[PDB]
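Enquirer: Pasting a structure below so you can have a look.
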There are 4 protein chains.
Amino acid sequence: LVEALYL
Amino acid sequence: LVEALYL
Amino acid sequence: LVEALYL
Amino acid sequence: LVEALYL
């Protein structure tokens with residue numbers, strides 16, 4: 001499981 | 001499972 | 001901005 | 001900004 005946010 | 005957001 | 005995962 | 005994971 002991966003939850004990833006890139007900004 | 002992957003939830004990914006790129007901006 | 002919200003990134004949310006519920007399981 | 002919120003990144004949230006619930007399991």
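Labeling convention for the structure tokens: chains A, B, ... as they appear, residues from 1 per chain, ligands from 1 in order of appearance.
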List as a list in words the protein and nucleic acid residues near residue 4 of chain A, meaning an atom at most 7 Å away when only C-alpha atoms are counted, but skip any in the same chain fewer than 6 places from it.
Expert: residues 3, 4 and 5 of chain B
Enquirer: Store the residues of this selection in a file with N, CA and C atoms, as a CSV table (one decimal), in the first residue's frame.
Expert:
```
chain,number,residue,atom,x,y,z
B,3,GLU,N,-2.5,5.0,-4.3
B,3,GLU,CA,-3.2,6.3,-4.5
B,3,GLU,C,-2.2,7.3,-4.7
B,4,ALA,N,-2.1,8.0,-5.8
B,4,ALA,CA,-1.0,8.9,-6.2
B,4,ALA,C,-1.6,10.1,-6.8
B,5,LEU,N,-1.0,11.3,-6.4
B,5,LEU,CA,-1.4,12.6,-6.9
B,5,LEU,C,-0.2,13.4,-7.2
```
Enquirer: Would you please give, as a count of residues only, all residues of chain B that DSSP assigns to strand (DSSP E) based on the backbone?
Expert: 5
